[PDB]
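**Q** This is final-v6.cif, which holds mmCIF, C-alpha atoms and all ligand atoms:
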data_run
loop_
_atom_site.group_PDB
_atom_site.id
_atom_site.type_symbol
_atom_site.label_atom_id
_atom_site.label_comp_id
_atom_site.auth_asym_id
_atom_site.auth_seq_id
_atom_site.Cartn_x
_atom_site.Cartn_y
_atom_site.Cartn_z
ATOM 1 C CA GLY D 1 97.829 26.017 75.672
ATOM 2 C CA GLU D 2 97.745 28.623 78.431
ATOM 3 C CA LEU D 3 94.614 27.674 80.379
ATOM 4 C CA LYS D 4 96.077 24.191 80.751
ATOM 5 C CA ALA D 5 99.449 25.524 81.838
ATOM 6 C CA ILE D 6 97.587 27.457 84.560
ATOM 7 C CA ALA D 7 95.805 24.307 85.789
ATOM 8 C CA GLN D 8 99.122 22.446 85.805
ATOM 9 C CA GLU D 9 100.725 24.999 88.128
ATOM 10 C CA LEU D 10 97.686 24.876 90.437
ATOM 11 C CA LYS D 11 98.283 21.098 90.548
ATOM 12 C CA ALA D 12 101.919 21.685 91.514
ATOM 13 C CA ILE D 13 100.796 24.166 94.216
ATOM 14 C CA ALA D 14 98.350 21.608 95.738
ATOM 15 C CA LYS D 15 101.161 19.072 95.736
ATOM 16 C CA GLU D 16 103.426 21.357 97.754
ATOM 17 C CA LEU D 17 100.612 22.084 100.188
ATOM 18 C CA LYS D 18 100.059 18.348 100.727
ATOM 19 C CA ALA D 19 103.723 18.004 101.649
ATOM 20 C CA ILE D 20 103.291 20.979 104.003
ATOM 21 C CA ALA D 21 100.344 19.219 105.663
ATOM 22 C CA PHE D 22 102.437 16.062 106.233
ATOM 23 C CA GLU D 23 105.335 17.953 107.773
ATOM 24 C CA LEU D 24 102.847 19.636 110.155
ATOM 25 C CA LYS D 25 101.272 16.294 111.035
ATOM 26 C CA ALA D 26 104.763 14.999 111.862
ATOM 27 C CA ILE D 27 105.275 18.102 114.058
ATOM 28 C CA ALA D 28 101.867 17.630 115.696
ATOM 29 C CA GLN D 29 102.945 14.086 116.558
ATOM 30 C CA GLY D 30 106.375 15.170 117.825
ATOM 31 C CA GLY P 1 100.597 37.385 77.014
ATOM 32 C CA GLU P 2 99.066 37.936 80.422
ATOM 33 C CA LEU P 3 97.909 34.269 80.550
ATOM 34 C CA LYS P 4 101.546 33.205 80.311
ATOM 35 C CA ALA P 5 102.372 35.825 82.923
ATOM 36 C CA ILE P 6 99.773 34.312 85.272
ATOM 37 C CA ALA P 7 101.133 30.755 84.878
ATOM 38 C CA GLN P 8 104.628 32.088 85.635
ATOM 39 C CA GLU P 9 103.539 33.765 88.876
ATOM 40 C CA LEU P 10 101.860 30.472 89.844
ATOM 41 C CA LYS P 11 105.115 28.604 89.221
ATOM 42 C CA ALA P 12 106.852 31.168 91.440
ATOM 43 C CA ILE P 13 104.245 30.565 94.152
ATOM 44 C CA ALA P 14 104.946 26.811 93.900
ATOM 45 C CA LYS P 15 108.676 27.529 94.329
ATOM 46 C CA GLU P 16 108.020 29.402 97.567
ATOM 47 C CA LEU P 17 105.809 26.554 98.884
ATOM 48 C CA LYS P 18 108.667 24.167 98.096
ATOM 49 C CA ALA P 19 110.957 26.239 100.350
ATOM 50 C CA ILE P 20 108.252 26.329 103.081
ATOM 51 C CA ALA P 21 107.963 22.523 102.992
ATOM 52 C CA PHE P 22 111.769 22.180 103.391
ATOM 53 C CA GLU P 23 111.878 24.478 106.426
ATOM 54 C CA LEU P 24 108.969 22.626 108.089
ATOM 55 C CA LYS P 25 110.751 19.339 107.425
ATOM 56 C CA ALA P 26 113.747 20.869 109.234
ATOM 57 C CA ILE P 27 111.495 21.871 112.188
ATOM 58 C CA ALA P 28 109.951 18.371 112.298
ATOM 59 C CA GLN P 29 113.552 17.140 112.670
ATOM 60 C CA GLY P 30 114.033 19.640 115.508
ATOM 61 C CA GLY L 1 94.219 45.565 82.180
ATOM 62 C CA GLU L 2 92.423 42.915 84.219
ATOM 63 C CA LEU L 3 94.597 39.847 83.460
ATOM 64 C CA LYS L 4 97.564 41.979 84.343
ATOM 65 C CA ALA L 5 95.951 42.921 87.646
ATOM 66 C CA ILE L 6 95.393 39.194 88.358
ATOM 67 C CA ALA L 7 99.106 38.493 87.672
ATOM 68 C CA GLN L 8 100.215 41.426 89.825
ATOM 69 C CA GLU L 9 98.148 40.003 92.696
ATOM 70 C CA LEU L 10 99.767 36.555 92.287
ATOM 71 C CA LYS L 11 103.156 38.276 92.483
ATOM 72 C CA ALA L 12 102.148 39.998 95.737
ATOM 73 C CA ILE L 13 101.033 36.565 96.997
ATOM 74 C CA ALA L 14 104.445 35.091 96.051
ATOM 75 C CA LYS L 15 106.094 37.949 97.969
ATOM 76 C CA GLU L 16 104.134 37.065 101.132
ATOM 77 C CA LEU L 17 105.130 33.411 100.773
ATOM 78 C CA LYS L 18 108.816 34.462 100.630
ATOM 79 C CA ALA L 19 108.463 36.167 103.993
ATOM 80 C CA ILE L 20 106.744 33.054 105.413
ATOM 81 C CA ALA L 21 109.590 30.878 104.158
ATOM 82 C CA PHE L 22 112.046 33.335 105.826
ATOM 83 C CA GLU L 23 110.377 33.276 109.226
ATOM 84 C CA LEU L 24 110.174 29.480 109.032
ATOM 85 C CA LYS L 25 113.889 29.405 108.322
ATOM 86 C CA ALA L 26 114.417 31.471 111.462
ATOM 87 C CA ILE L 27 112.263 29.117 113.542
ATOM 88 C CA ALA L 28 114.130 26.120 112.104
ATOM 89 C CA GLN L 29 117.287 27.752 113.398
ATOM 90 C CA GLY L 30 116.553 26.408 116.902
ATOM 91 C CA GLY I 1 82.709 41.890 86.517
ATOM 92 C CA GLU I 2 84.293 38.478 87.029
ATOM 93 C CA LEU I 3 87.962 39.139 86.254
ATOM 94 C CA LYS I 4 87.870 41.885 88.873
ATOM 95 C CA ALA I 5 86.163 39.658 91.414
ATOM 96 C CA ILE I 6 89.030 37.186 90.882
ATOM 97 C CA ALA I 7 91.669 39.876 91.521
ATOM 98 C CA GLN I 8 89.792 40.963 94.646
ATOM 99 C CA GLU I 9 89.942 37.469 96.146
ATOM 100 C CA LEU I 10 93.664 37.226 95.323
ATOM 101 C CA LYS I 11 94.016 40.494 97.283
ATOM 102 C CA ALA I 12 92.177 38.942 100.233
ATOM 103 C CA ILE I 13 94.437 35.850 100.011
ATOM 104 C CA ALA I 14 97.627 38.009 100.110
ATOM 105 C CA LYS I 15 96.196 39.804 103.120
ATOM 106 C CA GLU I 16 95.731 36.552 105.027
ATOM 107 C CA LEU I 17 99.241 35.452 104.110
ATOM 108 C CA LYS I 18 100.664 38.720 105.467
ATOM 109 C CA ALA I 19 98.940 38.022 108.774
ATOM 110 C CA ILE I 20 100.398 34.496 108.659
ATOM 111 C CA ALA I 21 103.881 35.968 108.166
ATOM 112 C CA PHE I 22 103.454 38.231 111.227
ATOM 113 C CA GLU I 23 102.291 35.408 113.469
ATOM 114 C CA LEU I 24 105.374 33.405 112.387
ATOM 115 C CA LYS I 25 107.658 36.367 113.050
ATOM 116 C CA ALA I 26 106.149 36.598 116.546
ATOM 117 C CA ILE I 27 106.840 32.848 116.972
ATOM 118 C CA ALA I 28 110.386 33.247 115.635
ATOM 119 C CA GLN I 29 110.917 35.927 118.280
ATOM 120 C CA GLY I 30 109.345 33.845 121.063
ATOM 121 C CA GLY M 1 79.805 30.596 84.879
ATOM 122 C CA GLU M 2 83.190 29.049 85.515
ATOM 123 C CA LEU M 3 84.709 32.521 86.175
ATOM 124 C CA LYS M 4 82.292 32.929 89.075
ATOM 125 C CA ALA M 5 83.159 29.401 90.154
ATOM 126 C CA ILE M 6 86.862 30.321 90.211
ATOM 127 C CA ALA M 7 86.300 33.449 92.346
ATOM 128 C CA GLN M 8 84.272 31.329 94.785
ATOM 129 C CA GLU M 9 87.041 28.749 95.208
ATOM 130 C CA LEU M 10 89.449 31.651 95.827
ATOM 131 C CA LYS M 11 87.154 33.004 98.544
ATOM 132 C CA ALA M 12 87.138 29.516 100.077
ATOM 133 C CA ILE M 13 90.947 29.473 99.983
ATOM 134 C CA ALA M 14 90.963 32.842 101.799
ATOM 135 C CA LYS M 15 88.650 31.364 104.459
ATOM 136 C CA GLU M 16 91.093 28.531 105.117
ATOM 137 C CA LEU M 17 94.029 30.990 105.380
ATOM 138 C CA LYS M 18 91.972 32.946 107.916
ATOM 139 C CA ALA M 19 91.699 29.791 110.059
ATOM 140 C CA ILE M 20 95.464 29.132 109.638
ATOM 141 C CA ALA M 21 96.270 32.660 110.853
ATOM 142 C CA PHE M 22 94.072 32.140 113.962
ATOM 143 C CA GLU M 23 95.782 28.865 114.891
ATOM 144 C CA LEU M 24 99.257 30.413 114.463
ATOM 145 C CA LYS M 25 98.170 33.326 116.642
ATOM 146 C CA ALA M 26 97.200 30.709 119.248
ATOM 147 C CA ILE M 27 100.660 29.058 118.928
ATOM 148 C CA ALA M 28 102.394 32.456 119.234
ATOM 149 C CA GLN M 29 100.473 32.785 122.523
ATOM 150 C CA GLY M 30 101.755 29.338 123.529
ATOM 151 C CA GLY N 1 86.346 22.328 80.068
ATOM 152 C CA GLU N 2 89.490 24.254 80.968
ATOM 153 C CA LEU N 3 88.033 26.936 83.291
ATOM 154 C CA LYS N 4 86.306 24.138 85.113
ATOM 155 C CA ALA N 5 89.602 22.293 85.477
ATOM 156 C CA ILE N 6 91.151 25.488 86.927
ATOM 157 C CA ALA N 7 88.297 25.727 89.486
ATOM 158 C CA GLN N 8 88.588 22.043 90.384
ATOM 159 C CA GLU N 9 92.295 22.584 91.090
ATOM 160 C CA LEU N 10 91.530 25.574 93.360
ATOM 161 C CA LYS N 11 89.100 23.339 95.251
ATOM 162 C CA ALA N 12 91.816 20.700 95.723
ATOM 163 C CA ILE N 13 94.082 23.514 96.971
ATOM 164 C CA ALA N 14 91.378 24.608 99.463
ATOM 165 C CA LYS N 15 91.152 20.986 100.645
ATOM 166 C CA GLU N 16 94.903 20.909 101.387
ATOM 167 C CA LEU N 17 94.627 24.175 103.316
ATOM 168 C CA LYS N 18 91.871 22.625 105.486
ATOM 169 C CA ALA N 19 94.231 19.843 106.500
ATOM 170 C CA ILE N 20 96.960 22.414 107.281
ATOM 171 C CA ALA N 21 94.537 24.362 109.458
ATOM 172 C CA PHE N 22 93.661 21.057 111.235
ATOM 173 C CA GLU N 23 97.242 20.089 112.003
ATOM 174 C CA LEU N 24 97.913 23.634 113.216
ATOM 175 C CA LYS N 25 94.929 23.316 115.519
ATOM 176 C CA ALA N 26 96.475 20.137 116.901
ATOM 177 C CA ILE N 27 99.835 21.843 117.451
ATOM 178 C CA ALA N 28 98.081 24.779 119.135
ATOM 179 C CA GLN N 29 96.614 22.240 121.523
ATOM 180 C CA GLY N 30 99.872 22.228 123.524
HETATM 181 CL CL CL D 101 102.923 12.265 108.993
HETATM 182 CL CL CL D 102 116.388 19.405 106.744
HETATM 183 CL CL CL D 103 105.796 40.509 114.632
HETATM 184 CL CL CL D 104 93.896 32.529 120.294
HETATM 185 NA NA NA D 105 98.118 17.833 92.818
HETATM 186 NA NA NA D 106 105.595 13.000 106.250
HETATM 187 NA NA NA D 107 109.897 14.930 104.811
HETATM 188 NA NA NA D 108 112.573 33.872 101.829
HETATM 189 NA NA NA D 109 96.346 42.597 99.731
HETATM 190 NA NA NA D 110 101.898 40.433 114.703
HETATM 191 NA NA NA D 111 97.638 38.480 116.235
HETATM 192 NA NA NA D 112 90.328 22.027 109.115
#
Please express what this file holds, its structure, as structure tokens.
**A**
Amino acid sequence: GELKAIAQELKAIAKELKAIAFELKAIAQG
Amino acid sequence: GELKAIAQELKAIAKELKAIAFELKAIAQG
Amino acid sequence: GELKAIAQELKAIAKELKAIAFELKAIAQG
Amino acid sequence: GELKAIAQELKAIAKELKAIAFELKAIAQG
Amino acid sequence: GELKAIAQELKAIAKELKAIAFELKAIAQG
Amino acid sequence: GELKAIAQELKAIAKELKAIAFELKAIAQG
């Protein structure tokens, strides 16, 4: 139901943030 | 239902993070 | 009520993320 | 109670994101 | 209660955004 | 249960934001 749908979107938000962290690490390296 | 409304705003937040990751990838490419 | 207020706050958060994506687009435009 | 405390922290998150947007605008300008 | 636990994680997320805003302010100072 | 899963996802999100703050600190170190 709905509480699970909410947790799923939080998952998808963490996933985007991980990709943000990697782009920044690339930038910090060059 | 407001619980569905909450999940939808979270999905929209994920969408914006997706766009942020793309722009940072572009900057890393500099 | 309160679940609505939570959703309205997530929408404001999404709005801020839009502006962040926009400035990042500007910075990418190097 | 608790649902209000949650909305309050979402407020404080949006506030930090607004300050992030302004720092990025400054960077996009110079 | 898990609702208190949720508010606490949100506060911790706000703390991290605070640190992100500081570092960006430092970069804007370049 | 489900509210716990929501909180555990917010904690993972906080963890990603820590790494973002760290890379930004590195970039600030210009
Ligand atoms: Cl990397
Ligand atoms: Cl690109
Ligand atoms: Cl500005
Ligand atoms: Cl500083
Ligand atoms: Na995830
Ligand atoms: Na990468
Ligand atoms: Na990439
Ligand atoms: Na935008
Ligand atoms: Na606010
Ligand atoms: Na400013
Ligand atoms: Na400032
Ligand atoms: Na950190």
**Q** For CA of residue 4 in chain I and CA of residue 5 in chain M, quote the distance in Å rounded to one decimal.
**A**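 Result for CA of residue 4 in chain I versus CA of residue 5 in chain M: 13.4 Å, one decimal.
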**Q** Write out as a ChimeraX atom specification the residues lying within 6 Å of range 9-19 of chain I, counting all atoms listed in the file and excluding same-chain residues fewer than 3 positions away.
**A** /L:9,13,16 /I:6,22 /M:10-11,14,17-18
**Q** Go through the chains and note each residue within 10 Å of ligand CL 103 (chain D), using all atoms listed in the file, then give the set as JSON, numbers by chain.
**A** {"I": [19, 21, 22, 23, 24, 25, 26, 27, 28, 29, 30], "M": [28]}
**Q** How would the residues just chosen look if you wrote them out with C-alpha atoms as a CSV table (one decimal), keeping the file's coordinate frame?
**A**
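Written out: again_38.csv:
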chain,number,residue,atom,x,y,z
I,19,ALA,CA,98.9,38.0,108.8
I,21,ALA,CA,103.9,36.0,108.2
I,22,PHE,CA,103.5,38.2,111.2
I,23,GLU,CA,102.3,35.4,113.5
I,24,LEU,CA,105.4,33.4,112.4
I,25,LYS,CA,107.7,36.4,113.0
I,26,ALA,CA,106.1,36.6,116.5
I,27,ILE,CA,106.8,32.8,117.0
I,28,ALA,CA,110.4,33.2,115.6
I,29,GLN,CA,110.9,35.9,118.3
I,30,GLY,CA,109.3,33.8,121.1
M,28,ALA,CA,102.4,32.5,119.2
**Q** In Å, how far is it from CA of residue 2 in chain I to CA of residue 7 in chain M?
**A** 7.6 Å
**Q** Calculate how many Å separate CA of residue 3 in chain M from CA of residue 1 in chain L, rounding to one decimal.
**A** 16.6 Å
**Q** Give the padded box for range 12-25 of chain L as AutoDock Vina command-line options: axis-aligned, covering all atoms listed in the file, 3 Å on each side, centre and edge lengths in Å to one decimal.
**A**
--center_x 107.5 --center_y 34.7 --center_z 102.5 --size_x 18.9 --size_y 16.6 --size_z 19.5
**Q** How would range 4-29 of chain M read, as a CSV table (one decimal), keeping the file's coordinate frame, once N, CA, C and O atoms are built in?
**A**
chain,number,residue,atom,x,y,z
M,4,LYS,N,82.9,32.8,87.8
M,4,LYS,CA,82.3,32.9,89.1
M,4,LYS,C,82.7,31.7,90.0
M,4,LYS,O,82.9,31.9,91.1
M,5,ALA,N,82.8,30.6,89.4
M,5,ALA,CA,83.2,29.4,90.2
M,5,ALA,C,84.6,29.5,90.7
M,5,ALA,O,84.9,29.1,91.8
M,6,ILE,N,85.5,30.1,89.9
M,6,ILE,CA,86.9,30.3,90.2
M,6,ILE,C,87.0,31.3,91.4
M,6,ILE,O,87.7,31.1,92.3
M,7,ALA,N,86.3,32.5,91.3
M,7,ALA,CA,86.3,33.4,92.3
M,7,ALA,C,85.8,32.9,93.7
M,7,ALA,O,86.4,33.2,94.7
M,8,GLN,N,84.8,32.0,93.6
M,8,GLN,CA,84.3,31.3,94.8
M,8,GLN,C,85.3,30.4,95.5
M,8,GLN,O,85.3,30.3,96.7
M,9,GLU,N,86.0,29.6,94.7
M,9,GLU,CA,87.0,28.7,95.2
M,9,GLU,C,88.1,29.6,95.9
M,9,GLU,O,88.7,29.2,96.9
M,10,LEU,N,88.4,30.8,95.3
M,10,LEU,CA,89.4,31.7,95.8
M,10,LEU,C,89.0,32.2,97.2
M,10,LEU,O,89.8,32.3,98.1
M,11,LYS,N,87.7,32.6,97.3
M,11,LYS,CA,87.2,33.0,98.5
M,11,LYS,C,87.2,31.9,99.6
M,11,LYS,O,87.5,32.1,100.8
M,12,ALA,N,87.1,30.6,99.1
M,12,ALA,CA,87.1,29.5,100.1
M,12,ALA,C,88.6,29.3,100.5
M,12,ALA,O,88.8,28.9,101.7
M,13,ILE,N,89.5,29.6,99.6
M,13,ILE,CA,90.9,29.5,100.0
M,13,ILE,C,91.3,30.5,101.0
M,13,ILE,O,92.0,30.3,102.0
M,14,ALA,N,90.8,31.8,100.9
M,14,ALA,CA,91.0,32.8,101.8
M,14,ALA,C,90.4,32.5,103.2
M,14,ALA,O,91.0,32.8,104.2
M,15,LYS,N,89.3,31.8,103.2
M,15,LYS,CA,88.6,31.4,104.5
M,15,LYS,C,89.6,30.4,105.2
M,15,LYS,O,89.8,30.6,106.4
M,16,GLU,N,90.2,29.5,104.5
M,16,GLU,CA,91.1,28.5,105.1
M,16,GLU,C,92.4,29.2,105.6
M,16,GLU,O,92.9,28.8,106.7
M,17,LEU,N,92.9,30.2,104.9
M,17,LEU,CA,94.0,31.0,105.4
M,17,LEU,C,93.7,31.8,106.7
M,17,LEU,O,94.6,32.0,107.5
M,18,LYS,N,92.5,32.2,106.7
M,18,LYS,CA,92.0,32.9,107.9
M,18,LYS,C,92.1,32.0,109.1
M,18,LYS,O,92.6,32.4,110.2
M,19,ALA,N,91.6,30.8,109.0
M,19,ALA,CA,91.7,29.8,110.1
M,19,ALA,C,93.2,29.4,110.4
M,19,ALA,O,93.5,29.2,111.6
M,20,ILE,N,94.0,29.4,109.4
M,20,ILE,CA,95.5,29.1,109.6
M,20,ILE,C,96.1,30.3,110.4
M,20,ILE,O,96.9,30.1,111.3
M,21,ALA,N,95.7,31.5,110.1
M,21,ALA,CA,96.3,32.7,110.9
M,21,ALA,C,95.8,32.7,112.3
M,21,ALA,O,96.6,33.0,113.2
M,22,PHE,N,94.6,32.3,112.6
M,22,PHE,CA,94.1,32.1,114.0
M,22,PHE,C,94.8,31.1,114.8
M,22,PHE,O,95.3,31.4,115.9
M,23,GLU,N,95.0,29.9,114.2
M,23,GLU,CA,95.8,28.9,114.9
M,23,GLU,C,97.2,29.2,115.2
M,23,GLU,O,97.8,28.9,116.3
M,24,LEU,N,97.9,29.9,114.3
M,24,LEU,CA,99.3,30.4,114.5
M,24,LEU,C,99.3,31.5,115.6
M,24,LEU,O,100.2,31.6,116.3
M,25,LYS,N,98.3,32.3,115.6
M,25,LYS,CA,98.2,33.3,116.6
M,25,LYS,C,98.1,32.6,118.0
M,25,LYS,O,98.7,33.0,119.0
M,26,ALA,N,97.3,31.5,118.0
M,26,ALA,CA,97.2,30.7,119.2
M,26,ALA,C,98.6,30.1,119.7
M,26,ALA,O,98.9,30.1,120.8
M,27,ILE,N,99.3,29.6,118.7
M,27,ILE,CA,100.7,29.1,118.9
M,27,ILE,C,101.6,30.2,119.4
M,27,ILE,O,102.4,29.9,120.3
M,28,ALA,N,101.5,31.3,118.8
M,28,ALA,CA,102.4,32.5,119.2
M,28,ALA,C,102.1,32.8,120.7
M,28,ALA,O,103.0,33.3,121.4
M,29,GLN,N,100.9,32.6,121.1
M,29,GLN,CA,100.5,32.8,122.5
M,29,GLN,C,101.0,31.6,123.4
M,29,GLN,O,101.2,31.8,124.6
